[PDB]
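Structure 1 and structure 2 below are the same protein chain in two forms, each given by itself as structure tokens.
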Structure 1
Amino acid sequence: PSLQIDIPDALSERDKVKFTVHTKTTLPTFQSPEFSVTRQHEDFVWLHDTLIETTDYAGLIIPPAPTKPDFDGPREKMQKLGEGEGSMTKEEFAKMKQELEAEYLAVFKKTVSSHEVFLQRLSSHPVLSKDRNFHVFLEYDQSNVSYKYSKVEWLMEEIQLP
């Protein structure tokens, strides 16, 4: 109960998957006992690389890194189906669309679980759960600074999304 992590939601975009990493904790070192941050697969790879290279963890079993999210099969089949929009019986597209969405969903389930299990294994570990880089991964809120540039005369707006 000292450190509970889950991934309540994820966003699949064209070239990206974003995970919401949600932490409940009683550790006094954190700013808040419960918080959420947005992380991408590469942030998980950075964390795993960092653990792997820490001299003090030599001989400890470090949980495997999560597998890269691959939505290519579903998206390619989505693109192909849009072509037969004029080539089927008003049901067949519908049935084709449902199968495509099941395939998306099956990918989502697998990739969220892989990324989630990785964090949960770290949280279970008597030594690794104390790792400072692991703590930064969970609570640092400046990882996704985005700027909007708009022409009304041009104005640039900072957009802050933890």
Structure 2
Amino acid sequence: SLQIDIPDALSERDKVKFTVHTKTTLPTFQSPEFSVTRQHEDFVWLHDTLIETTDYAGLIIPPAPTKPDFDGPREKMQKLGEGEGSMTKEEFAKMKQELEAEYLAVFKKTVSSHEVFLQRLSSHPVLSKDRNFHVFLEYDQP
């Protein structure tokens, strides 16, 4: 079996980090359980690479994940304090709490899109076997 989930993620400056966790029985992997850190572009790279593969001409590659956008929430958070002085402590806390809820919503949607893409790949009997997909899953220089 090939089981992939995204346990955790980080949003920073303008960059988003996903943790891609793999559980597998397959002999082809060096280890049964491992985790790596990947960025949205890495997901895009995999999709494009699968598309390029001559052998997969007759298969439909799963659509790439949507690029994550945290711009509204990040922009608001910077502004929030920012004007910490202007407002009361309860006002500040409630606002910070609100903006956090927003981050979480964006997180839930983007995490799902990235995870679903990987899960579709593992579903495919041919695609799961792909060498590039494997490297994406467990290559860890650090």
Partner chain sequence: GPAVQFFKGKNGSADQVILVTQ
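In this text, the rigid core denotes the largest set of C-alpha atoms whose superposition between the two forms falls within 1.5 Å. Numbering runs along the sequence of structure 1, starting at 1.
Of the two forms shown alone, the one deposited with the partner chain bound: Structure 2, not 1.
From 95, 68, 109, 132, residue displaced between structure 1 and structure 2 - CA threshold 2 Å or more, rigid core: Comparing the C-alpha positions, the one residue that moves 2 Å or more is 95.
Residue 10: CA movement between structure 1 and structure 2 [superposed on rigid core, Å]: In the core superposition between structure 1 and structure 2, the C-alpha of residue 10 moves 0.3 Å.
Inter-form CA displacement between structure 1 and structure 2 at residue 83 - rigid core frame, Å: So the C-alpha of residue 83 has moved 4.3 Å between structure 1 and structure 2.
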